[PDB]
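Before any questions on binding or motion, here is one chain by itself as C-alpha cells, the form deposited in one PDB entry.
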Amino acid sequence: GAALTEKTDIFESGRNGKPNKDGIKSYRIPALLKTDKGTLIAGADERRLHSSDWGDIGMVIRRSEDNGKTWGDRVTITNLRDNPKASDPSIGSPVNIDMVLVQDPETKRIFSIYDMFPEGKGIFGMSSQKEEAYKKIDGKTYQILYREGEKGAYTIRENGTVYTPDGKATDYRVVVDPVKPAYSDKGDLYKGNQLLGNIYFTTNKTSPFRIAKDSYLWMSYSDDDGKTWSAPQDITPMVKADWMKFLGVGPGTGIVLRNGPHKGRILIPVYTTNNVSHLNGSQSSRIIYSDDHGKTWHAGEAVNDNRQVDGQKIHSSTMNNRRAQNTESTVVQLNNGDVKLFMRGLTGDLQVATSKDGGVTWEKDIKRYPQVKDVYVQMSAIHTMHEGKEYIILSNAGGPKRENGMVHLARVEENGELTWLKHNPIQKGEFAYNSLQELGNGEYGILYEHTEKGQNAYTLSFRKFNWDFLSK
C-alpha cells in the first residue's frame, strides 16, 4: 500500500574532500519544480572548490521527463568567471547562491531567483559600511560603478557604456548582454575591444571600476521548459531598500496564488538583515511578488515589522533579538485565500506566520507547533488535496541535529488552523535543506541534501512516495 523508492543521486558530490569525476567538490541547496509539461527540474549550487557559502559557484539544473526515473545532462544557468589574479582562490570569485524556482501558469515562463555577491566571502564578507549600489537619473535606474582613487559615482547606461559622475559618456563599457556559455562574461570591463577586468572583482584588479560590495538578487528565466535560460536580470533595485544589508531568498520552490483577489501573483520567500545586528539578531523573513508575470517585482512587509516581542514593538530594520529572528522560509496558500509562511527559526519547533492580503502583511501572532521540531535548517512545504480534504506536507530534519529527514502531514481545518497527523521518516543520516513537489496521480517527489560513505558536504538525492506512505 505504502511505497518509497530508493534514493537517486541527482548531483553526486566528491569524496573525502576530493572532487568528483567532473572536478566538482560539493553540491548544495536543492530546488525541485514540476513544470506544465510534467517535466521535473532539479536545481542546485555547483561548488567547484569547497562546500562553504562562497567561492566559484554555479547555478545548474537537470531535467527529467519521466517523473524522476531518468535525468538529462547538467544545464548551467549562470557561472561568473573567477578572478585570475585573486590571492586566495577559495574566495576569489563572484558568487551565486541559494536558488528558488517557480513557473507562471499563464505564460509558462520558468524563473530562477538567487543571491549574487561580488568577490569575497558572500554573506560573511560584507563591507561594514554602506556603498550605494544604484542611482536614479531622470526616472531610469543605473547600477553605480566606483573608480579607484575617486569618490564620484559612475553609472552603467545603454549598451553597458560607463558614464562619468557628471553624466558624460566614457570609453569604457560593461558586458551587460553576455553571450558566453553560462554567461561567464557578465561584468567584463572593456575599453573598446580590449578586455581590462571585471566589475565584480574586488582584489588585485586589472580594471579601474567595480560595483558596490552589497547583496544583490538576480533572476534568469527559461521559456522552453528549462532547456535554455536567459541572461541574468538584476532585480535588486526593485525590492531592496537602502537600509537592508543582506537580501537573499529562502531556497526551495515558490508558488503562484491560485485563488483569491490576488490570483496569478508569484511569491518568492526571502529574508533580510539590518545594519544594527547583521546576522546576530536582524534576520527577518519576507516575500517579494510580481503581479505582471515576472516583469516587475515588489517587496512585502516583513513578518517582524511591527511585531510585539516581550512587551515591545520591533521592526526588521532596527531589531536586535536573536530569538525573534526568522530566516529561510517556504510559502503556501490555503483554499481560504490565506497564505502561510513556514520560517526557519531558533525556537526549536516550527514557526508559522499567516497573511490575508497575499503575503504583503502578516498577522499579529506567530503560531508555534511543538509537534514539528525545527533544528534551525531549511524546510519546504506544499499544498495538496486528497478525496476532497485539504492537507499540507512539510519536510525537514527530525533531529537531533541535521539528521533523520522527516515528512510531516497536517490537516487544514476550516478555521485555518493546522492539525499535525503523522510524522514518517524519509531518510536516515545526514539531512539538510530539501524541496517538495507534487507529481500527480497521488505521487510526491522530494529533493534533499544527504551524505554517506564519506561524501563531501552534500549530495542531492531524489525520492518518490504516495499518499499511503504519507498516512502513517
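Shifts are known only where both forms have a C-alpha. Numbers follow the displayed sequence, beginning with 1. Take the two forms, superpose them, and find the largest set of C-alpha atoms that agree within 1.5 Å; that set is the rigid core.
There is another form of the same protein, the form deposited in another entry; it is not shown, and what comes next is about it.
Novice: Following superposition of the rigid core, which of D292, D171, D242, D88 is the only residue with a C-alpha displacement of 2 Å or more between this form and the one not shown?
Specialist: Just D171.
Novice: How about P181 - superposed on the rigid core, does its CA move between this form and the one not shown by 2 Å or more?
Specialist: Indeed, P181 is displaced by 2 Å or more.
Novice: Where does the chain move between this form and the one not shown, taking runs of at least 3 residues whose CA atoms all shift 2 Å or more after fitting the core?
Specialist: When the rigid core is held fixed, residues 171-182 make up the only run that shifts.
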